[PDB]
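A quick write-up on the structure given underneath.
Protein chains: 2
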Amino acid sequence: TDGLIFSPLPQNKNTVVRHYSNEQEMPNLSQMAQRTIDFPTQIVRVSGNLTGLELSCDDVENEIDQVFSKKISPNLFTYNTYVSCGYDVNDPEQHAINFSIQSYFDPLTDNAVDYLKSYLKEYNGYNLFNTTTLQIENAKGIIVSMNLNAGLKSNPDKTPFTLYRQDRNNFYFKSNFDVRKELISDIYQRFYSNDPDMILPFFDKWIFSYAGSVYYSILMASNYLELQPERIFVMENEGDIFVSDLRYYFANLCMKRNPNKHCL
Amino acid sequence: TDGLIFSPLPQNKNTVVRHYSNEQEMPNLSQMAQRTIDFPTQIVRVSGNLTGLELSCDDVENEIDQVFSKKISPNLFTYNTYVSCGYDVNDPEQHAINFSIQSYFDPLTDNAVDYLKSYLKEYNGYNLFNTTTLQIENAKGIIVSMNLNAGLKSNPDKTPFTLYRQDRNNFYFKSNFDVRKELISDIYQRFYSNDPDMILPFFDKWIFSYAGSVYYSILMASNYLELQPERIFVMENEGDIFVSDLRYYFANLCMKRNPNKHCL
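So the protein sequences, as listed, match chains A and B.
Residue numbering for the first sequence is 534 to 797, as defined by this note's numbering.
Residue numbering for the second sequence is 534 to 797, as defined by this note's numbering.
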C-alpha cells in the first residue's frame with residue numbers, strides 16, 4: 534500500500550537496534566499552529582566505544598531511553614530516533630562494545646518548546662557511560678533536494694516500473710518542522726489527487742514553474758509516481774551537513790486510487 | 534549519446550536560448566594540478582524585464598556575448614552558461630521582453646585567476662540595458678546530491694527504461710573545480726567500466742559504504758545507468774542557494790559498451 538514509505542534501517546551483525554518514530558503521522562496543522570516561534574530542529578549524532586566497561590546492551594539501551602528517548606513524547610514532538618548497540622559475540626557475557634544515537638526531532642507547540650528548553654537544561658551534555666556526552670545540536674537549516682519519478686508500473690507489488698520522467702528541485706527551510714508544515718502537508722493535500730487544478734499547480738510550485746503543462750500528458754500516460762524528499766540538514770560549521778539514515782519517500786499508486794487506472 | 538549529457542529544462546514558449554559550456558571535456562588531472570590558488574566558483578544569476586525597450590533578442594544576446602561570454606575563454610575557464618531571451622510573439626517585430634544569464638565558471642590556472650581579477654575590475658556591475666547589472670558572485674561552497682539510476686533500456690534511442698534501483702548520496706565540496714578534480718574524473722575512470730574491481734569500489738566510495746555488494750547482482754541484471762550529480766551551490770548569505778538549469782548527467786550505455794550486452 535502507498536503513502537509514506539520508510540526506507541529500511543542499517544543492518545549490522547551482532548548489534549541490537551531500537552527505532553522510535555512518529556514521522557509516519559500526517560502533520561496536524563491545527564496542532565502546529567499552536568507553535569508561534571521558529572525553533573531549530575534538534576540533532577543528535579553521538580557514538581562511543583564501550584569495550585571493557587562491562588556493560589550489557591540492555592544496560593545501554595535502557596540508560597539511553599531513560600535520559601533521551603522517553604523524554605521525547607510523540608504528543609509534544611515529531612521525532613525519528615535510531616539507537617544502536619554493538620556487543621562482542623565471543624565474550625562469555627556478550628558485553629556491549631559500542632553504541633550510537635542518531636536522532637532529529639522538533640517541538641510541535643509553544644508548550645513543547647518550553648518543555649524542551651527545560652529538558653536541555655537538565656540533560657544536554659549528559660555523560661553517557663563516562664565515554665561520551667549526549668549532545669543535542671541545533672541544525673542551522675535544512676535543504677530538501679527532492680526527486681520526482683513518474684511512470685508505468687505493471688505489477689504494484691514489485692518495485693520495477695517503466696520510468697517516463699524524472700526531475701529534481703531544491704529548497705531551503707529553517708527546520709524540519711517547517712518542512713512538515715509547508716511541503717509534507719501539501720504532498721498529502723495535492724500530490725495524491727487526480728484533480729488537475731490540484732496536482733498540476735502542485736508541480737508548478739515544487740518541481741518547476743510550468744511543470745504542470747509538461748506533466749499533463751505524462752500524468753495521463755502514467756500510473757505510478759514517487760517523491761523522494763532528501764533532507765540535507767545544514768549545521769553551523771561550514772561544510773558540516775547531516776543526512777540521517779532515517780529516510781522516507783512517497784509512493785503514489787494511481788492504478789489503485791483512481792477510476793482511470795492512471796494519474797490523470 | 535554516451536557520456537556527459539546536458540539536460541536543461543524544457544524550453545519555454547517564445548524564448549531564444551544560447552548555451553555555452555566546455556564542461557563536457559574530461560578533466561585532466563595533470564593540468565588541474567598546475568593551479569596553486571584556490572579560487573571560489575564564479576556565479577552569474579542575472580535577469581530583467583525588457584518589455585517596451587524596443588530591443589531585439591539579437592541585440593540582447595550579442596551585448597551579453599561582448600561583455601561576458603567572449604571574455605571567458607575555454608582555455609582559461611571551465612564554464613557552463615545559459616543565456617535566454619523572451620520575446621513578444623505577437624509584436625510584429627517580436628521585440629524582446631525579458632532575458633536572463635545563468636552561469637558558473639572556474640579559472641583553470643593562476644594566470645586565469647589574474648585575468649579574472651582584471652575582468653571583474655572592468656566588467657563587474659556593468660549596466661545591462663539600463664535594467665539590471667552584470668554581477669559575478671562567489672559561491673561559498675557546493676553540495677552535490679547525486680542520484681544513481683540502474684536498470685534495463687530495451688531501446689537505446691528513447692528515454693523510457695525499466696528502473697531497478699535508485700540511490701542518493703550527498704557530499705560537500707568547496708568549488709566546482711574540486712568537483713571536477715575529485716568526482717567527475719573518478720566517473721570517467723571507473724563509472725564507465727565493466728571491471729568489477731573498478732566499478733564496484735567506485736560505488737563503495739560514492740554511493741554508500743557497501744554498495745558494490747548490493748549492485749553486483751543489479752549491475753549484471755542491468756544494461757543502463759545514469760549519474761545525476763545535482764550541484765546545489767551554497768552562497769554567502771544564510772539560506773541563499775543557487776541551483777542552475779545548467780544540469781548534466783552521465784549515461785552509461787552498457788548494452789552498447791560491453792560484450793555482455795549488460796553492465797557486468
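Note that the Cβ used here is the ideal one computed from N, Cα and C, for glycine as well.
With distances taken between CA atoms, residue 626 of chain A lies nearest to A:587 out of A:616, A:634 and A:587. In chain order, 568, 569 and 570 place their CB closer than 7 Å to the CB of residue 643 of chain B, counting only its own chain and leaving out the 5 sequence neighbours on each side. Residue 548 of chain B has a beta carbon lying at 8 Å or more from every beta carbon in chain A. Between the C-alpha atoms of residue 703 of chain B and residue 637 of chain B there is a straight-line separation of about 20 Å.
Excluding residues up to 5 positions away in sequence, 639, 640, 646, 649, 708 and 710 lie with their Cβ nearer than 8 Å to the Cβ of residue 572 of chain B in the same chain. Using a CB distance below 8 Å, the part of the segment 741-759 of chain A facing chain B consists of 741, 743 and 747, ordered along the chain.
Using a Cβ-Cβ cut-off of 8 Å, residue 729 of chain A does not count as an interface residue toward chain B, since no Cβ of chain B sits closer than that to its own. For residue 778 of chain A, the closest alpha carbon among the candidates A:767, A:544 and A:561 is that of A:544. A straight line joining the alpha-carbon of residue 783 of chain B with that of residue 535 of chain B spans about 8 Å.
If you keep only unbroken alpha helix (DSSP H) runs of at least 4 residues inside the segment 563-606 of chain B, you get 590-600. When DSSP assignments are scanned along the segment 691-716 of chain B, the uninterrupted stretches of beta strand (DSSP E) that are 3 or more residues long and fall wholly within it turn out to be 694-706.
Residues of the same chain with a CB within less than 7 Å of the CB of residue 751 of chain A, apart from the 5 flanking positions on each side, are 683, 697 and 698 in chain order. If you draw a straight line from the Cα of residue 770 of chain A to the Cα of residue 672 of chain A, it is about 10 Å long.
The alpha-carbon of residue 685 of chain B is positioned some 27 Å away from that of residue 542 of chain A. When DSSP reads this structure, residue 619 of chain B sits in a beta bridge with B:548 and B:631. Taking the Cα positions, residue 657 of chain A is about 6 Å away from residue 667 of chain A.
Just so you know, the alpha carbons of residue 574 of chain A and residue 616 of chain A end up roughly 18 Å apart. Think of a sphere of 8 Å around the beta carbon of residue 656 of chain B: no beta carbon from chain A falls inside it, the nearest being about 29 Å out. Within 9 Å of the CB of residue 585 of chain A, no CB atom of chain B is found; the nearest one sits about 26 Å away. Taken in chain order, the members of the segment 759-787 of chain B whose beta-carbon sits within less than 9 Å of a beta-carbon on chain A are 759, 761, 763, 765, 767, 771, 772, 773, 774, 776, 778 and 780.
In this chain, the alpha helix (DSSP H) harbouring residue 646 of chain B covers 643-656.
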